[PDB]
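Written out below as structure tokens is the structure these notes cover.
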Amino acid sequence: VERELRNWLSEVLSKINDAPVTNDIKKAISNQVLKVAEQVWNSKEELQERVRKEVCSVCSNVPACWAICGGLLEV
Amino acid sequence: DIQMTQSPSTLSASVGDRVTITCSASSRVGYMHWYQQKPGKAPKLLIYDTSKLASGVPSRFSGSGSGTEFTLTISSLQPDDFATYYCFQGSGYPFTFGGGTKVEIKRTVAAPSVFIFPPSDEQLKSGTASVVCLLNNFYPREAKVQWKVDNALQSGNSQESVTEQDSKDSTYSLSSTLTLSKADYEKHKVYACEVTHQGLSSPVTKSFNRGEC
Amino acid sequence: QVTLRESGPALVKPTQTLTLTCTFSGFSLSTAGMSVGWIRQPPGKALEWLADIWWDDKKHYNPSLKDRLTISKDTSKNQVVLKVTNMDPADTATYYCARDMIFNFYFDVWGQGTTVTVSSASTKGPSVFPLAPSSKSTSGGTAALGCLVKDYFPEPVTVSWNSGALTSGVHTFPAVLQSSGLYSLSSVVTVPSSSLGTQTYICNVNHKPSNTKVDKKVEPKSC
């Protein structure tokens, strides 16, 4: 399963770099995706909404940021 | 753009004092990192993000701040904290550093050991002669060295060089090299180095004669 | 273990083009989130970020060097190449390549750095001379000795003692600029006088620009 989730990981990171947000937002979302993909090591359709809501919590207040973040995780 | 002023530019403090360097930006910035650079060595990451110690950095180092004002602080200054500290930002291109902050260790006065080196025979084989006067382990770095050849004063023909502060001693070392031709050098006998320093009761003179040894 | 090493010329004549190569190990520029940046430092000046490259071949440059910077990445050889054009004498500096990550957005592991000097003049290897433990002139309860590295260009020389065996009491002075237009530094070391004749001392001088490597035995003067 390591190959599978690592493919997903690299894909979403590449998508993060291309996003129209400051490097701080990229930094936050990237570390969140790292944590989620390495706490797989450590309610079966809603994971796509759990992962999405965990990694994009970094936006918090601003709704704008939630937008681009979720868009990253849809594709 | 995104640019930051550090203050103070330089600072002197005794071992153990709390010292704080302030990096202030020109825009709201997410994080502020800190690098410590020893003389003639690559910068080392000291504080990453805003308050996280990089590997090996002792607990004496703390970092804090937000928005457009950040600080690096050392709780108790150690003699090994002689360095230049640069703040760094990575939240907006282009990456910019702070101007820099040189941290020097204030110390109790110490007098120098004065040694003297006649020119090597290999250098004499090349028509030039260099007499190296060496002042060792003293504080402060301000020290007046003067050359006296056959009791005649010298200018023009010598250069000093001072080391960085000692990482354990917080002292200094200085070398005054006096350079002549083999001709001029062999035209004279006694060569004297007179040092005046804060730590000496009155000036020291180390000297030699040309033929001896 | 992450490790970067810069490589490039020690000398470029003005208006030539500088080609710097960062060679790294411990990570790869193909794995996601990775990056390598170039930061330079002019003598007696602050640090200055020049460029950075990412695993997805994204590139950023400092605007201050507009049009003169071109960075490239070769993941196969684990190398990055900065090319700076129209070299001025104010761009004389030590150039570092460092690693970066999208999680960090700061440089954690730096190379050792490579010094490049922009000048018309030719390289010159240094002369190394023994600063012999003078019989009466460098002794108290301990004795000092050293090496004088004279008349070289450009910076830098590296001076070790006994191939690094002797590290303590070593004072390698910064290079001063003489009237000649060439640099010169001494490297002394304090040892106990009780060990002068018993122990042999050699100093290792290395001038990368002129490809000079010398090892000189500093022995005492017997009068």
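Ligands are numbered from 1 in the order shown, chains are lettered A, B, ... in the order of the structure tokens, and residues start at 1 in each chain.
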
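Near region 99-116 of chain C, within 7 Å and counting only C-alpha atoms, sit residues 27, 30 and 31 of chain A; 42, 45 and 90 of chain B; 2, 3, 4, 5, 6, 7, 9, 10, 11, 33, 34, 35, 36, 37, 92, 93, 94, 95 and 96 of chain C, not including residues fewer than 3 positions from it in the same chain.
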
Given a cut-off of 10 Å, which residues of chain B touch chain A, counting only C-alpha atoms, written out as a PDB file with N, CA and C atoms, in the first residue's frame?
ATOM      1  N   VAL B  29       4.279  38.748   7.815  1.00  0.00           N
ATOM      2  CA  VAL B  29       4.975  37.564   7.336  1.00  0.00           C
ATOM      3  C   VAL B  29       4.641  36.403   8.260  1.00  0.00           C
ATOM      4  N   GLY B  30       4.424  35.229   7.674  1.00  0.00           N
ATOM      5  CA  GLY B  30       3.976  34.080   8.436  1.00  0.00           C
ATOM      6  C   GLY B  30       4.953  33.634   9.500  1.00  0.00           C
ATOM      7  N   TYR B  31       6.191  33.371   9.096  1.00  0.00           N
ATOM      8  CA  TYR B  31       7.217  32.859   9.989  1.00  0.00           C
ATOM      9  C   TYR B  31       8.486  33.684   9.826  1.00  0.00           C
ATOM     10  N   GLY B  90      10.864  33.361   4.397  1.00  0.00           N
ATOM     11  CA  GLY B  90      10.584  32.506   3.261  1.00  0.00           C
ATOM     12  C   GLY B  90       9.126  32.511   2.856  1.00  0.00           C
ATOM     13  N   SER B  91       8.362  33.445   3.420  1.00  0.00           N
ATOM     14  CA  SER B  91       6.928  33.530   3.185  1.00  0.00           C
ATOM     15  C   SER B  91       6.570  34.277   1.909  1.00  0.00           C
ATOM     16  N   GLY B  92       7.503  35.027   1.338  1.00  0.00           N
ATOM     17  CA  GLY B  92       7.234  35.743   0.111  1.00  0.00           C
ATOM     18  C   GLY B  92       8.475  35.924  -0.734  1.00  0.00           C
ATOM     19  N   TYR B  93       8.390  35.563  -2.009  1.00  0.00           N
ATOM     20  CA  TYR B  93       9.524  35.762  -2.894  1.00  0.00           C
ATOM     21  C   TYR B  93       9.711  37.249  -3.178  1.00  0.00           C
TER      22      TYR B  93
END

So that I can check the surroundings of region 32-39 of chain A, please list as a ChimeraX atom specification every protein, DNA and RNA residue that reaches within 9 Å of it, counting only C-alpha atoms and ignoring chain neighbours fewer than 3 positions away.
/A:5-6,8-9,12-13,27-29,42,51,54-58 /C:103

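CA of residue 189 (chain C) sits 14.3 Å away from CA of residue 141 (chain C).
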
Under the rule of at most 7 Å, produce a per-residue listing of chain B near chain C: chain, number, name, the closest pair of atoms, and the distance in Å, as a tab-separated table, using only C-alpha atoms.
residue	atom	partner	partner_atom	distance
B:42	CA	C:112	CA	5.8
B:45	CA	C:108	CA	5.8
B:90	CA	C:105	CA	5.4
B:94	CA	C:62	CA	5.6
B:95	CA	C:49	CA	6.0
B:96	CA	C:49	CA	6.5
B:97	CA	C:47	CA	6.3
B:99	CA	C:46	CA	5.8
B:100	CA	C:46	CA	6.2
B:115	CA	C:138	CA	4.6
B:116	CA	C:137	CA	5.6
B:117	CA	C:131	CA	5.9
B:120	CA	C:130	CA	6.0
B:122	CA	C:129	CA	6.7
B:123	CA	C:129	CA	6.6
B:161	CA	C:173	CA	6.3
B:162	CA	C:173	CA	6.4
B:163	CA	C:173	CA	5.3
B:212	CA	C:223	CA	6.5
B:213	CA	C:223	CA	3.6

Can those selected residues be exported to a file as a PDB file, in the first residue's frame so that it contains N, CA, C and O atoms?
ATOM      1  N   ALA B  42      29.893  28.245   6.865  1.00  0.00           N
ATOM      2  CA  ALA B  42      28.560  28.330   6.299  1.00  0.00           C
ATOM      3  C   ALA B  42      27.539  28.667   7.386  1.00  0.00           C
ATOM      4  O   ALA B  42      27.722  28.313   8.555  1.00  0.00           O
ATOM      5  N   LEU B  45      21.330  26.727  10.533  1.00  0.00           N
ATOM      6  CA  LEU B  45      19.967  27.005  10.959  1.00  0.00           C
ATOM      7  C   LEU B  45      19.886  26.941  12.477  1.00  0.00           C
ATOM      8  O   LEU B  45      20.239  25.926  13.087  1.00  0.00           O
ATOM      9  N   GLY B  90      10.864  33.361   4.397  1.00  0.00           N
ATOM     10  CA  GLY B  90      10.584  32.506   3.261  1.00  0.00           C
ATOM     11  C   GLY B  90       9.126  32.511   2.856  1.00  0.00           C
ATOM     12  O   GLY B  90       8.693  31.687   2.043  1.00  0.00           O
ATOM     13  N   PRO B  94      10.962  37.728  -3.260  1.00  0.00           N
ATOM     14  CA  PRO B  94      12.169  36.911  -3.103  1.00  0.00           C
ATOM     15  C   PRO B  94      12.557  36.683  -1.643  1.00  0.00           C
ATOM     16  O   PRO B  94      12.290  37.548  -0.806  1.00  0.00           O
ATOM     17  N   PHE B  95      13.165  35.532  -1.350  1.00  0.00           N
ATOM     18  CA  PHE B  95      13.746  35.305  -0.032  1.00  0.00           C
ATOM     19  C   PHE B  95      14.706  36.434   0.314  1.00  0.00           C
ATOM     20  O   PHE B  95      15.560  36.809  -0.494  1.00  0.00           O
ATOM     21  N   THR B  96      14.557  36.981   1.516  1.00  0.00           N
ATOM     22  CA  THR B  96      15.436  38.033   1.996  1.00  0.00           C
ATOM     23  C   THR B  96      15.930  37.698   3.395  1.00  0.00           C
ATOM     24  O   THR B  96      15.220  37.087   4.199  1.00  0.00           O
ATOM     25  N   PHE B  97      17.167  38.093   3.669  1.00  0.00           N
ATOM     26  CA  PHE B  97      17.742  38.019   5.000  1.00  0.00           C
ATOM     27  C   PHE B  97      17.677  39.385   5.668  1.00  0.00           C
ATOM     28  O   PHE B  97      17.454  40.412   5.022  1.00  0.00           O
ATOM     29  N   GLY B  99      19.716  42.403   7.837  1.00  0.00           N
ATOM     30  CA  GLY B  99      21.028  43.000   7.653  1.00  0.00           C
ATOM     31  C   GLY B  99      22.121  42.216   8.351  1.00  0.00           C
ATOM     32  O   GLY B  99      23.217  42.041   7.812  1.00  0.00           O
ATOM     33  N   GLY B 100      21.834  41.718   9.550  1.00  0.00           N
ATOM     34  CA  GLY B 100      22.808  40.971  10.320  1.00  0.00           C
ATOM     35  C   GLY B 100      23.036  41.560  11.696  1.00  0.00           C
ATOM     36  O   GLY B 100      22.808  42.755  11.912  1.00  0.00           O
ATOM     37  N   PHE B 115      55.370  37.135  21.208  1.00  0.00           N
ATOM     38  CA  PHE B 115      56.390  36.311  20.588  1.00  0.00           C
ATOM     39  C   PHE B 115      56.838  36.994  19.303  1.00  0.00           C
ATOM     40  O   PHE B 115      56.180  37.905  18.799  1.00  0.00           O
ATOM     41  N   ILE B 116      57.963  36.542  18.761  1.00  0.00           N
ATOM     42  CA  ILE B 116      58.545  37.183  17.587  1.00  0.00           C
ATOM     43  C   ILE B 116      59.257  36.126  16.754  1.00  0.00           C
ATOM     44  O   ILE B 116      59.873  35.199  17.290  1.00  0.00           O
ATOM     45  N   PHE B 117      59.148  36.261  15.437  1.00  0.00           N
ATOM     46  CA  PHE B 117      59.649  35.266  14.493  1.00  0.00           C
ATOM     47  C   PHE B 117      60.534  35.943  13.457  1.00  0.00           C
ATOM     48  O   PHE B 117      60.028  36.762  12.661  1.00  0.00           O
ATOM     49  N   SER B 120      62.279  33.186   7.806  1.00  0.00           N
ATOM     50  CA  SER B 120      62.791  31.869   7.463  1.00  0.00           C
ATOM     51  C   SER B 120      63.930  31.996   6.461  1.00  0.00           C
ATOM     52  O   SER B 120      63.995  32.949   5.679  1.00  0.00           O
ATOM     53  N   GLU B 122      64.344  30.072   3.932  1.00  0.00           N
ATOM     54  CA  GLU B 122      63.783  29.894   2.597  1.00  0.00           C
ATOM     55  C   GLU B 122      63.284  31.216   2.029  1.00  0.00           C
ATOM     56  O   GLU B 122      63.482  31.507   0.843  1.00  0.00           O
ATOM     57  N   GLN B 123      62.625  32.026   2.860  1.00  0.00           N
ATOM     58  CA  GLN B 123      62.180  33.338   2.403  1.00  0.00           C
ATOM     59  C   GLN B 123      63.362  34.250   2.112  1.00  0.00           C
ATOM     60  O   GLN B 123      63.308  35.052   1.172  1.00  0.00           O
ATOM     61  N   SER B 161      46.834  41.665  11.580  1.00  0.00           N
ATOM     62  CA  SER B 161      45.688  40.793  11.361  1.00  0.00           C
ATOM     63  C   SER B 161      45.255  40.239  12.709  1.00  0.00           C
ATOM     64  O   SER B 161      46.090  39.728  13.460  1.00  0.00           O
ATOM     65  N   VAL B 162      43.964  40.337  13.015  1.00  0.00           N
ATOM     66  CA  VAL B 162      43.432  39.896  14.299  1.00  0.00           C
ATOM     67  C   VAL B 162      42.474  38.737  14.065  1.00  0.00           C
ATOM     68  O   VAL B 162      41.663  38.767  13.133  1.00  0.00           O
ATOM     69  N   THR B 163      42.575  37.715  14.911  1.00  0.00           N
ATOM     70  CA  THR B 163      41.698  36.563  14.805  1.00  0.00           C
ATOM     71  C   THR B 163      40.290  36.918  15.277  1.00  0.00           C
ATOM     72  O   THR B 163      40.030  38.001  15.812  1.00  0.00           O
ATOM     73  N   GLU B 212      71.971  35.990  15.310  1.00  0.00           N
ATOM     74  CA  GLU B 212      71.833  34.997  16.368  1.00  0.00           C
ATOM     75  C   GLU B 212      71.038  33.791  15.876  1.00  0.00           C
ATOM     76  O   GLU B 212      70.027  33.940  15.181  1.00  0.00           O
ATOM     77  N   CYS B 213      71.531  32.599  16.221  1.00  0.00           N
ATOM     78  CA  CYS B 213      71.036  31.301  15.748  1.00  0.00           C
ATOM     79  C   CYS B 213      71.406  31.083  14.284  1.00  0.00           C
ATOM     80  O   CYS B 213      72.491  30.584  13.981  1.00  0.00           O
TER      81      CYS B 213
END

Could you give me the residues within region 32-171 of chain C that DSSP places in strand (DSSP E), as a VMD selection string?
chain C and resid 34 to 41 48 to 54 59 to 61 69 to 74 79 to 84 93 to 101 107 to 110 114 to 118 127 to 131 142 to 152 157 to 161 170 to 171

Which of region 22-199 of chain B end up as helix (DSSP H, G or I) when DSSP is run on this backbone - answer as a PyMOL selection string?
chain B and resi 79-81+121-124+182-186

If I take CA of residue 156 (chain C) and CA of residue 82 (chain B), how far is one from the other in Å, to one decimal?
22.4 Å

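Reported to one decimal place, the separation of CA of residue 186 (chain B) from CA of residue 149 (chain C) is 22.0 Å.
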